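Participant: sequence-free structure coming up:
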Ligand SMILES: [Cl-]
Ligand code: NA
Ligand code: NA
Ligand code: NA
């Protein structure tokens, strides 16, 4: 039986891998309404890719790992362009990493590297202002695979 509700709209995120809570064969599929329903956090920061300080609204990745019952310690983020970013799951609770859904109050289209973007609060901690965390940021996210 499924433990995650089925999406009513077009799924924009699939979580798979070593998870226990699903709504499809070995996977948890989310439409945008389901992601927004998990609760939206706000992160304001300068970044290597944006002009000036920008504001992201998105869902806590720690909350996504909790609802799918992630059993791993690493997540592979798969982008639309088929390149991956590898992220230690420990980063999610340590730095309040979000799966961004909005940028400056607007949804993100494909040419803005949306609809989903893994974002760290770079300016909140000097530790996050370096390539280690810029490479763990993942734009055009389509999938999260728990290893
Ligand atoms: Cl577009
Ligand atoms: Na699975
Ligand atoms: Na936009
Ligand atoms: Na990346």
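Facilitator: Okay, I see it. Numbering: from 1, shown residues only. Ligands and ions are numbered 1, 2, ... in the order given.

Participant: The chain against ligand 2: which residues are in contact?
Facilitator: Selection of the chain residues close to ligand 2 by C-beta under 5 Å from the ion yields 16, 26. Placement of C-beta: from N, CA and C, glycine included.

Participant: Looking at the chain, which residue is nearest ligand 3?
Facilitator: For the chain, the residue closest to ligand 3 is residue 106, as judged by C-beta to the ion, at 3.7 Å.

Participant: Can you report how many residues lie near that residue?
Facilitator: 10 (other C-beta atoms under 10 Å).

Participant: Bridge partners for it, pull those for me.
Facilitator: On the basis of DSSP bridges, residue 106 is bridged to residue 103.

Participant: shift numbering so it begins at 23
Facilitator: Done: numbering now begins at 23, and the last item shifts to residue 128.

Participant: Strands of the chain, start to end?
Facilitator: Along the chain, counting by DSSP state E, strands occupy 35-39, 50-52, 63-67, 76-82, 96-101, 106-110, 120-125, 128-129, 139-141, 160-161, 163-168.

Participant: Residues of this structure that sit close to ligand 3?
Facilitator: 128, 130, 134.

Participant: Cheers, nothing more for now.
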